[PDB]
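Structure at a glance
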Amino acid sequence: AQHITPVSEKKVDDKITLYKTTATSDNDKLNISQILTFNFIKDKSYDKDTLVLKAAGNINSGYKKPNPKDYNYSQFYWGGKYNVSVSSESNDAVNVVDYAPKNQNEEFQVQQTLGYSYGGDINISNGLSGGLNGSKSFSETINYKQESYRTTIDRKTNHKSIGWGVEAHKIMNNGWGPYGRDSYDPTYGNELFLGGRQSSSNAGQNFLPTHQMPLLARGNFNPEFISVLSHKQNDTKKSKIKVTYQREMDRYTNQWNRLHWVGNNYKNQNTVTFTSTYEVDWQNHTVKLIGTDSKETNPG
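First, a word on what this report is: a plain description of the structure on this page.

The rules behind each value
- Residues numbered from 1 in each chain as written, not as in the entry; some residues may be left out.
- Heavy atoms only, no water.
- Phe/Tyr/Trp six-rings, centres within 6.5 Å; stacked < 30°, edge-to-face > 60°.
- Buried < 20%, exposed > 50% of the residue type's maximum accessible area, 1.4 Å probe, protein only.
- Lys NZ or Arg CZ within 6 Å of the ring centre and 35° of its normal.
- Pairing = 2+ DSSP bridges.
- Helix = DSSP H or I, 4+ residues; strand = E, 2+ residues; numbered from the N terminus.
- Axes fitted to C-alpha atoms, helices over the stretch in contact; angles between N-to-C directions.
- Salt bridge = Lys/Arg side-chain N within 4 Å of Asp/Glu carboxyl O.

Each aromatic ring pair is specified by the distance between its two centres and by the angle formed by the two planes. The full count for this structure, using the stated rule, is 18 aromatic pairs. Pairing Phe 38 with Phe 40 gives two aromatic rings, centres 6.3 Å apart and planes at 15°, and the pair type is stacked. With respect to burial, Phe 38 and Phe 40 carry one shared label: buried. An aromatic cluster of three or more residues is present, and its members are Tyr 82, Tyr 99, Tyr 144, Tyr 149, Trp 164, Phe 221 and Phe 225. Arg 251 extends its terminal NZ or CZ atom over the ring of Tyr 266, reaching a point 4.7 Å from the ring centre.

Have a look at this one:
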């Protein structure tokens, strides 16, 4: 159910006007949804258009509970890492100039408020504030849960692109750990989601139960990221923005070796990607969905 809202114009103050449009793009099979808020800013004091683009929506983990009847070997897939990127293309007058979060973050809840001030300055504050009808300045917020995970900014990031990774980082298993995607014990392997080393249960029932796993590992990730792009007002061409949501699905396994159990986590055994490409009209402050691309490296 693709949809783009009509442009809404709001005068922020005597110099600044906001033109807001939200675009939604989904892939029901992959359970990935992109909710993109395009906040176009026109500033009488400054010779560039600014776009504060908020990327929200949903990326399912792809987790499915293992079969409880799996006897001595079992496994499941889970959300090892979520990747989100925004890139500009088809117009050299457009550049990525700021973004949030700016820095590596392992807080359980990422909450920031990004503001615009005349002349193109961007400000950032921790926590959630503003964005009200009476607010005399423009702001937009990011708010997302990532307990046990860590946000990092992609290297690839430059003047045409910004990307983030939200990766399983410090996961506790009944007081033991923290474990990660590549933890190692010489006897027991990676105990990340192992139930018990000597359990008499079936393999399918010898994993850390679902509700004790991180929400991002077995449920969904609800991304909220901001990309700030500038566009020279001497340019009158449209441009394109490509937004990519991706999950790396890890395969966690257990096995009974006759003496004890062994766990292992296999990183990124299935990569699932959904990309939407929008045509941006900087004069009219409107967007149009060009296309979408969906991929799954190892479907099962």
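There's more to say after this.
With that settled, consider the sheet that holds strand β10 (residues 138-145). Within the open sheet, the 3 strands sit side by side as β9-β8-β10. Their pairing is antiparallel. Two strands bound the open sheet, and with one partner strand each, they are β9 (121-126) and β10. For this sheet, the mean inter-axis angle between neighbouring strands, taken without regard to orientation, is 20°. Pairing of strand β8 (residues 109-117) with β9, which is carried by 6 bridges, proceeds in the antiparallel orientation. Residue pairing across strands places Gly 115 opposite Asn 123, the latter belonging to β9.

Here we take up the pattern of salt bridges. A complete count under the given rule lists 11 salt bridges for this structure. Its salt-bridge partner being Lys 54, residue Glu 140 comes within 3.8 Å of it at the nearest N-O pair. Taken as a pair, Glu 140 in strand β10 and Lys 54 in strand β5 (residues 48-60) lie far apart in primary sequence, 86 residues in all. The shortest N-O distance in the salt bridge between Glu 248 and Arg 181 comes to 3.1 Å. Remark: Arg 181 occurs in the loop between β14 (176-179) and α1 (215-218) and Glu 248 occurs in strand β17 (residues 239-256); sequence separation between them is 67 residues. On the accessibility criterion, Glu 248 (12% relative accessible area) is buried. Overall, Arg 181 belongs to the buried group, its relative accessible area being 5%. Taken together, the shared-partner salt bridges in this structure form one network comprising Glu 167, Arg 181, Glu 248 and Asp 250.

With 16 bridges joining them, strand β6 (residues 73-89) and β17 adopt antiparallel strand pairing. Following the sheet pairing, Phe 76 is matched in β17 by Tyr 252. By the bridge criterion, 7 bridges tie β6 to strand β12 (residues 161-168) in an arrangement that is antiparallel. Residue pairing for β12: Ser 87 is matched across the bridge by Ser 161.

On their own, these measurements won't tell you what the molecule is for.
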